[PDB]
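Asker: This is the structure I have questions about; it appears just below.
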Ligand SMILES: Nc1nc2c(ncn2[C@@H]2O[C@H](COP(=O)(O)OP(=O)(O)O)[C@@H](O)[C@H]2O)c(=O)[nH]1
C-alpha cells in the first residue's frame, strides 16, 4: 500500500510542479506592461482588410435625391439625439 | 473638489446603447466606461454595463491605454494619421486616438487643457465612428471639468 | 499536526501559549500542555495513541533554573517517543534568556546540546536529530521558533518557497511573508534571509490591520501602507487564516502602476494557492 | 434598398446594415470616387447600384438592387 502512496506522491509532485508552472506563466512584469504591443491603432477599414487577409481590381463602374437627402439627415439626427447625455447634477462642488 | 456620485451617474448614462428606429440597427452597450488621469493612468471613476478581478483587469487596461497614449501625445511626426480625430469645442483643442485591443474597441480622448482622460471601451462589433460621435458629444457636456488639474 | 508542549512546572508553557495563541495541519490549533514532573514513567500507560497523534514534540527548558535534571527527564521522554514513532520531529526551546549575554547564551546552548547528545548516546538512541531554539516571550524569538516548528510540519514547503520567489521576482517586492491571522506565525517566505526588523514591521502591520478592522465592524482584508520614501507595505488575506504581507519597493516608478501590477500578480498567486490545499 | 453604410472622410464605419454590413472592404476603393456639387452619386458595382451622399464630411453609402 505504501508503493501506492509513493505513486500518489509522484502524482502530487507532478501536480504541484504544474501548479507552480501555471501560476508562474501569468506573471506580468512592468516591462511587459510598457512594451506590450497589444494596444494598436485600429480602424474599421483596416480591421476589414485584416479579416479578408485571414479569410483568404476596380469593381465599381461610374455611370431618389429627396429620399436619400431625407434619410441621411434623419440618420444623423437620430445618432446625435441619443448621444446627448444630461448630467444628474454639478460635477465639481465648491467649499 | 470633485463629486463621485455625479461622475458615476454620468458614466452610467454614457454606457447606454443605441437603438435606431427608422433603420433597424441595434447596437450593444459599451464594455466599460471610466475616467483616468493623464500622469499615471490610474482609474479616478469607473462604471460597468453589467468583481475585484474585473476592476483589476480594467485598471490594467487603463494603464496600457495610457501608456500607448503617452507616446502618441508627444509625437508630431506622421500627424496626418487616419485614426486621429482632433476636435475643437469651445475654443479648446484636443486629440482623439482610436485603438484596437484584441477583440475590444478602445477609444480615448484627453479632456482639453487639463490633466484628465476620458476613455470608452466597447466590443469588436461596435463601430468606430459611433464611438467617435459618442465621445465627442460626451466631451461637449463636460465643460465644468475643463481646466481641472491634479493637486 | 498537533504539537505537544512538555516541560517542568513554572517553566512558562502556559504563558507561551497565552502570548502566542491568545495575544488540523497548518492552522494554530489548540495545543496540549503537559506538566511533567520528576518521577518514574509507567511503561505504556495508554500513551502510545497520544504520542502517535503528535505531529512534533516541543520541550521547554528554563535557562534560569538548574536544567540537568530537566535534560535527564527530556532524554527519558525521547527514549520512548522515538521508539513509538520514528517520524516525530523533536524540538527543544531554551526559554527565559532575556537577561543573558550573547556569549552566555551561546555557551548555555552548547552545553545543553552536548548534555543532550551525551545522554542520548548513553541511552543508545541513534538517527534522532533534536533542534534547539533560544526563546523568550518579550521578543520575536518565540515567534520564530514556532515558525520553524510549524514549517517542519508542512510537506509543501518548497513549492510555496518557489511560488513566493516567483511572486517577489515579478513584482519588485523586497520581502513577502505568508502570515497567519492569529499568533503572527509566518508560514512561508522566499530564499532571502528573514530580517528581524522587517519581520517586526510586518507583525505590527498585522496587529494594526486587525485592530483597525475590529474598531469598525457590523456593516477579505486588504491594506496598503506607503511610507515617505515610496516603500509600500501590502496586505491581502489568503485562504482560511493565512494572510500575505509583502514589502514592495517602487524603484522610482509610478505608485498606482506598481499597485495595479502587484494587485494583479497577488490575485494570480491567490488563484494558484486555491488549487493547493495548504489552507487549514 | 438593400443596406446602408455610413462613413466619414476617414472611411471608418458609423453604421453598416444589410449586405453592406458584410461588404466593408469597398470603402477604400470608394474613397477615390468623385461626386457632384450636391454630393449625390450613382455608382454601379457587383450587380448593385450604390448611392452616395456627402454632407458634413460623412459619405453615406446606400445599396440598391440593379435588377
Ligand atoms: N522574563 C521572562 N519570564 C517568563 C518567560 N516565560 C515565563 N516566564 C515566567 O513564568 C511565570 C509563569 O509560568 P507558567 O506559564 O504559569 O508556568 P507553567 O504553568 O508550568 O507553564 C511568570 O511569572 C513569568 O515571569 C519569559 O520568556 N521571560
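Residue numbers (the deposited numbering), protein chains in the order written: chain R, 45 to 100, 138 to 144, 153 to 184; chain Y, 3 to 52, 62 to 162; chain c, 10 to 32, 53 to 248, 268 to 328; chain U, 9 to 75. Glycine included, C-beta positions come from ideal geometry on N, C-alpha and C.
Is any non-hydrogen atom of ligand 1 found closer than 7 Å to the C-beta of residue 306 (chain c), if you look at the structure I gave you?
Answerer: Reading the third chain from its first residue, position 258 is the one you call residue 306 (chain c). Not so, every heavy atom of ligand 1 lies at least 7 Å from the Cβ.
Asker: Rounded to a whole number of angstroms, what is the C-alpha to C-alpha distance between residue 275 (chain c) and residue 12 (chain Y)?
Answerer: In the third chain, the residue the question calls residue 275 (chain c) occupies position 227. In the second chain, the residue the question calls residue 12 (chain Y) occupies position 10. Rounded to whole angstroms, residue 275 (chain c) to residue 12 (chain Y) spans 35 Å at the Cα level.
Asker: To be precise: take each residue of the segment 77-89 of chain R, compare its Cβ to all Cβ atoms of chain c, and keep it if any distance is under 8 Å. Which residues remain?
Answerer: Listed in sequence order: 77.
Asker: Relative to the C-alpha of residue 31 (chain U), which residue among R:96, R:162, R:144 is closest?
Answerer: Within the fourth chain, numbered from 1, the residue matching residue 31 (chain U) stands at position 23. When each option's Cα is compared against that of residue 31 (chain U), the closest is R:96.
Asker: Name the residue from Y:155, Y:97, Y:146, Y:16 whose alpha carbon lies nearest to the alpha carbon of residue 49 (chain Y).
Answerer: For this step, residue 49 (chain Y) is matched to residue 47 along the second chain. Comparing Cα positions, the closest option is Y:16.
Asker: Could you tell me whether any Cβ in chain Y is nearer than 8 Å to the Cβ of residue 37 (chain U)?
Answerer: Along the fourth chain, one-based indexing puts residue 37 (chain U) at 29. No, because no Cβ of chain Y sits closer than 8 Å to the Cβ of residue 37 (chain U).
Asker: For chain Y, is any of its Cβ atoms less than 8 Å away from the one on residue 64 (chain U)?
Answerer: In the fourth chain, residue 64 (chain U) corresponds to position 56, counting from 1. So, not an interface residue.
Asker: Out of curiosity, what's the CA-to-CA distance linking residue 90 (chain c) and residue 80 (chain c)?
Answerer: Position 61 of the third chain holds residue 90 (chain c). Position 51 of the third chain holds residue 80 (chain c). Taking the straight line from one Cα to the other gives about 20 Å.
Asker: Below 8 Å on the Cβ atoms is my contact criterion, and I expect residue 16 (chain c) with residue 88 (chain c) to pass it. Report the Cβ-Cβ distance as a whole number of Å.
Answerer: As a position in the third chain, residue 16 (chain c) is number 7, starting the count at 1. As a position in the third chain, residue 88 (chain c) is number 59, starting the count at 1. At roughly 6 Å, the Cβ-Cβ gap stays under 8 Å, so residue 16 (chain c) and residue 88 (chain c) are in contact.
Asker: Starting from the beta carbon of residue 70 (chain R), find every residue of chain c whose beta carbon is closer than 7 Å, and list them in chain order.
Answerer: In the first chain, counting from the first residue as 1, residue 70 (chain R) sits at position 26. Neighbours of residue 70 (chain R) on chain c, chain order: 316.
Asker: Please report how far the alpha carbon of residue 141 (chain Y) lies from the alpha carbon of residue 157 (chain Y), in whole angstroms.
Answerer: As a position in the second chain, residue 141 (chain Y) is number 130, starting the count at 1. As a position in the second chain, residue 157 (chain Y) is number 146, starting the count at 1. Using only the alpha carbons, I get a separation of about 24 Å.
Asker: Starting from the C-beta of residue 29 (chain U), find all residues in its chain whose C-beta is less than 7 Å away, skip the five residues before and the five after it, and write them out in chain order.
Answerer: Stepping through the fourth chain from its first residue, residue 29 (chain U) is reached at position 21. Correct list, in chain order: 11.
Asker: Any idea which residues DSSP pairs residue 15 (chain U) with across the strands?
Answerer: As a first step, residue 15 (chain U) is located in the fourth chain; it is residue number 7 there, counting from the start. Beta-bridge pairing links residue 15 (chain U) to U:21, U:67.
Asker: Give the residues of chain Y in contact with residue 67 (chain U), contact being defined as C-beta atoms less than 8 Å apart.
Answerer: Mapped onto the fourth chain, residue 67 (chain U) falls at position 59. Those do not exist, as residue 67 (chain U) stays about 11 Å from chain Y at its closest Cβ, beyond 8 Å.
Asker: Can you pull the chain Y neighbours of residue 42 (chain U), defined as C-beta to C-beta under 9 Å?
Answerer: Your numbering for residue 42 (chain U) matches position 34 in the fourth chain. None at all; the shortest Cβ gap to chain Y is about 20 Å.
Asker: Would you call the CB atoms of residue 76 (chain Y) and residue 110 (chain Y) closer than 8 Å?
Answerer: The sequence position of residue 76 (chain Y) within the second chain is 65, counting from 1. The sequence position of residue 110 (chain Y) within the second chain is 99, counting from 1. Yes, the pair counts as a contact, with Cβ atoms nearer than the cut-off.
Asker: Could you tell me if the beta carbon of residue 30 (chain c) falls within a distance shorter than 7 Å of some heavy atom in ligand 1?
Answerer: Sequence index remark: in the third chain, residue 30 (chain c) carries index 21 (1-based). No, the beta carbon of residue 30 (chain c) sits no closer than 7 Å to any heavy atom of ligand 1.
Asker: Is the beta carbon of residue 167 (chain c) within less than 7 Å of some heavy atom of ligand 1?
Answerer: As a position in the third chain, residue 167 (chain c) is number 138, starting the count at 1. Yes.
Asker: Of all the alpha helix (DSSP H) runs that stay within the bounds of the segment 80-162 of chain Y, which reach a length of 4 or more residues?
Answerer: Runs of the alpha helix (DSSP H) inside the segment 80-162 of chain Y: 139-151.
Asker: How is the beta strand (DSSP E) around residue 284 (chain c) delimited, first residue to last?
Answerer: Residue numbering aside, residue 284 (chain c) sits at position 236 when the third chain is read from its first letter. Here the beta strand (DSSP E) through residue 284 (chain c) covers 280-285.
Asker: Counting only beta-carbon atoms, is residue 69 (chain Y) nearer than 8 Å to chain U?
Answerer: Within the second chain, the letter at position 58 stands for residue 69 (chain Y). Answer no: the Cβ-Cβ gap between residue 69 (chain Y) and chain U never drops below 8 Å.
Asker: Judging by CA-CA distance, which residue of c:25, c:105, c:286, c:169 is the nearest neighbour of residue 323 (chain c)?
Answerer: Here residue 323 (chain c) is taken as the residue at index 275 of the third chain, counted from 1. The candidate whose alpha carbon is nearest that of residue 323 (chain c) is c:286.
Asker: For a test of your reading of the model: does the CB of residue 134 (chain c) fall under 7 Å from any non-hydrogen atom of ligand 1? Yes or no.
Answerer: Within the third chain, residue 134 (chain c) is the residue found at index 105, counting from 1. The answer is no for residue 134 (chain c).
Asker: Let me see if you follow: with CB-CB separation under 8 Å, is residue 54 (chain R) close to chain c or not?
Answerer: Within the first chain, the letter at position 10 stands for residue 54 (chain R). Cβ-Cβ to chain c under 8 Å: no for residue 54 (chain R).
Asker: Look at the alpha carbon of residue 153 (chain c) and the alpha carbon of residue 182 (chain c), and state the distance between them as a whole number of angstroms.
Answerer: Here residue 153 (chain c) corresponds to residue number 124 of the third chain, with the count starting at 1. Here residue 182 (chain c) corresponds to residue number 153 of the third chain, with the count starting at 1. Between residue 153 (chain c) and residue 182 (chain c), the C-alpha separation is close to 26 Å.
Asker: Quick one: does the C-beta of residue 24 (chain c) sit closer than 7 Å to a heavy atom of ligand 1?
Answerer: Position 15 of the third chain, counting from 1, holds the residue named residue 24 (chain c). Yes, the beta carbon of residue 24 (chain c) sits closer than 7 Å to at least one heavy atom of ligand 1.
Asker: Is it true that the CB of residue 93 (chain R) sits closer than 8 Å to the CB of residue 23 (chain U)?
Answerer: Along the fourth chain, one-based indexing puts residue 23 (chain U) at 15. Along the first chain, one-based indexing puts residue 93 (chain R) at 49. Not closer than 8 Å, so no.
Asker: From the DSSP output, in three-state form, read off residue 109 (chain c) for me.
Answerer: Counting from 1 along the third chain, the entry for residue 109 (chain c) is found at position 80. Residue 109 (chain c) falls in the helix class under three-state DSSP.
Asker: Contact check, residue 7 (chain U) vs residue 56 (chain U) under 8 Å by CB: the rounded distance?
Answerer: This structure does not reach residue 7 (chain U), given that chain U is present from 9 up to 75, and the question cannot be answered.
Asker: Return helix, strand or coil for residue 203 (chain c), following the three-state DSSP convention.
Answerer: Your numbering for residue 203 (chain c) matches position 174 in the third chain. If DSSP states are grouped into helix, strand and coil, residue 203 (chain c) belongs with the strands.
Asker: For the beta strand (DSSP E) containing residue 259 (chain c), name the first residue and the last one.
Answerer: For residue 259 (chain c), no position is available: the coordinates of chain c end at 248 and pick up again at 268.
Asker: Residues in the segment 287-304 of chain c with C-beta within 7 Å of chain R's C-beta atoms, listed in sequence order?
Answerer: The residues in question are 301.
Asker: From the DSSP output, which residues share a beta bridge with residue 62 (chain U)?
Answerer: Here residue 62 (chain U) is taken as the residue at index 54 of the fourth chain, counted from 1. Answer by DSSP bridge pairing, in chain order: U:67.
Asker: For residue 76 (chain R), which three-state DSSP category applies?
Answerer: Here the question's residue 76 (chain R) lines up with position 32 in the first chain. If DSSP states are grouped into helix, strand and coil, residue 76 (chain R) belongs with the helices.
Asker: Can you list the residues of chain Y that residue 282 (chain c) reaches, using a CB-CB cut of under 7 Å?
Answerer: Position 234 of the third chain, counted from the first residue, corresponds to residue 282 (chain c). What residue 282 (chain c) touches in chain Y: nothing, since even the nearest Cβ is about 14 Å away.
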